[PDB]
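Chemist: turn this into a structure:
(chains A, B, C, D and E)
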Amino acid sequence: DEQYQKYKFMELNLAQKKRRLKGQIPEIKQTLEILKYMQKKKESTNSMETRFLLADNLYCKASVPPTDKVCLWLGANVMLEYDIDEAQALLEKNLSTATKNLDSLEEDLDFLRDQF
Amino acid sequence: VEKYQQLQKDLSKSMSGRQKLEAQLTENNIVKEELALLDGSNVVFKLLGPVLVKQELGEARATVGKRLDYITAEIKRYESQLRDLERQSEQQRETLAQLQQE
Amino acid sequence: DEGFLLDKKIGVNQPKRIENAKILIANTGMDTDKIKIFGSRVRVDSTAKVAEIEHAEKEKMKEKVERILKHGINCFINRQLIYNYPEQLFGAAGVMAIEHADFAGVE
Amino acid sequence: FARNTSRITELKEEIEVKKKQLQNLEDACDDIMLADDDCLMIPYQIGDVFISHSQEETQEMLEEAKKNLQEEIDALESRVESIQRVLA
Amino acid sequence: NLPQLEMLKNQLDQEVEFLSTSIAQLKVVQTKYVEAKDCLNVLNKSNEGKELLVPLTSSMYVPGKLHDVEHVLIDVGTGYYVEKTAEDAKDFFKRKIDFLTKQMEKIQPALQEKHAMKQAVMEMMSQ
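Modeler: Numbering: from 1, shown residues only, chains lettered A, B, ... in the order given. Find the structure here:
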């Protein structure tokens, strides 16, 4: 009866959630390890010529001093800047803890939805 | 109809790749065609991931040429599958019709 | 004609000029990538055991001569395909192995 | 529940593509060791930044990426094999 | 006569809707290039080297002065390099935008002209 159609609809509307969530996960990873690996040591050590994004297609050479200043945005209106040690502390939860719930609400949710 | 559907799927998965390679090739053709004559303003290197190495024009030309040959061969492969599908469309589709008729 | 005759083409690589051969039946050729080498045994694993048999099998090339020599060899007969390098090695060893035969005639 | 395919197929394909990416990273390491192996200038990227300074310093992240890929991917290959064996 | 034509008109409608999704793709592909043209004016205004706040992946911002306009870079193909020189960074990426916009005309003109027959099929379907 309707079981097949509703099962397929639930699978589709939860696979879209899967795609979206593992869509934002990679760049927040990048935000963590890019900084924590390169900048936290080398920029805190000495100023170097660098590459920064001018746009998502225009890429421009740059140089950075030990600025050690970083800025986070969650929207088009609200901004906060941070140091180079607490910023990764606040960012690391937003993926390390977020994956456990969101992906369990994905893997375990799929396990249930195969019967739900 | 089994064979017709299989050939349709083969056509689809070959043509998707062919079309995507065409979409990227329509840009790379021009980019390289002025790149081969605008030396000094741009110079050929390889951005093979997160690193840069000095690169020469000839192996890039060989790469794009063998892209072209590969995709043309894939086009003839796809079109051969197209004749295969249209050939099956008669008898592999009459398979059910003749059993329902008699 | 008298004797036991094979309708293949062996030529010189396994020479047609040999005496008092050690005739055997051996159903595994060099194309079989057979596992029984001096190296590691057969495993089903890819963590650290992907293709160690490819490194091990290089021992077979010399073992197929030296083991029979240790037992005692003047020639040898094999009924299966042999890879090239063992082919000239047997040519230098004096072994007449046949590429294929009517396997119903093993008796 | 025969959920193995839905839980092993994507893992197999992603492990394959990660192995291909690691092999290509090894190729890039070899290339920078022979092609444009000039000491004086070499743009090398850490996340979103080039520094055209590292020649021998490239390995400082070459090895990092190598192990962070290989250990995680063969651990997750063992994980997908575990998903396979728990059902069969 | 009429019934079979009306039945196949559903497949005709679905292919037209696929091509309408294609032209919606056409409206959504101009973006990257249109903010590229909008970002043209940053290049010449900052050719002395100037402080920039720029995104890192999408969601991060870090201060940093841009320099070395003589190797401004664009990605292309399988991993090839486009090292934009200084004079190019001032004036010649305008013509580079012209050629990217030329591909944009391969998108809009050269595909709307063949979708004219799509709209003609819509008009003919009334019969």
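
Chemist: now the helix with the most length in chain B: how far from the chain's centre is it?
Modeler: Counting residues, the longest helix found in chain B (DSSP state H) is helix B:57-101. Averaging C-alpha positions (C-alpha atoms, centre = their mean, to the nearest Å) puts helix B:57-101 11 Å from its chain's average.

Chemist: packing partners for that helix?
Modeler: Helices and strands touching helix B:57-101, by 3 or more C-beta pairs under 8 Å, 6 or more residues apart in numbering or on different chains; DSSP states H and E, are helix B:2-35. C-beta: built from backbone N, CA, C; applies to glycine.

Chemist: and the helix or strand just after the helix it packs on with chain A, contact?
Modeler: Counting by DSSP states H and E, the next helix or strand C-terminal to helix B:2-35 is strand B:45-46. No - shown here: strand B:45-46 not in contact with chain A (C-beta under 8 Å from any C-beta of the partner chain), separated by at least 13.3 Å.

Chemist: circling back: now do the longest helix of chain B and helix B:2-35, the angle between them.
Modeler: For helix B:57-101 against helix B:2-35, the angle between stretch directions is 160 degrees (axes from the mean of the first three to the mean of the last three C-alpha atoms, to 10 degrees).

Chemist: for residue D:78, see how far away residue D:85 is.
Modeler: 10 Å (C-beta to C-beta, to the nearest Å).

Chemist: the more surrounded of these two?
Modeler: residue D:78 (12 against 9; other C-beta atoms under 10 Å in any protein chain shown).

Chemist: helix, strand or coil for residue E:65?
Modeler: strand (DSSP: H, G, I helix; E, B strand; the rest coil).

Chemist: contact partners for it?
Modeler: Residues in contact with residue E:65 (C-beta atoms under 8 Å, 6 or more residues apart in numbering or on different chains) are A:62, A:63, A:64, E:49, E:50, E:51, E:52.

Chemist: nearest to residue A:75, of those?
Modeler: residue E:52 (21.3 Å; C-beta to C-beta).

Chemist: quick one, what contacts that closest one?
Modeler: Contact analysis of residue E:52 by C-beta under 8 Å, 6+ apart lists A:52, A:54, A:60, A:62, E:46, E:63, E:64, E:65, E:66.

Chemist: how many neighbours does the closest residue to the last one other than its chain neighbours have?
Modeler: Put plainly, it is residue E:66. Closest residue in space to residue E:66, ignoring its immediate chain neighbours: residue A:62 at 4.6 Å, by C-beta to C-beta, 6 or more residues apart in numbering or on different chains. Counted by other C-beta under 10 Å, the residues lying close to residue A:62 total 23.

Chemist: mind listing the residues bridging to residue A:62?
Modeler: Beta-bridge pairing for residue A:62 (DSSP bridges): residue A:50, residue E:66.

Chemist: so what's it up against?
Modeler: Residues counted as contacts of residue A:62 (C-beta under 8 Å, 6+ apart) are A:49, A:50, A:51, A:52, E:52, E:54, E:64, E:65, E:66, E:67, E:68.
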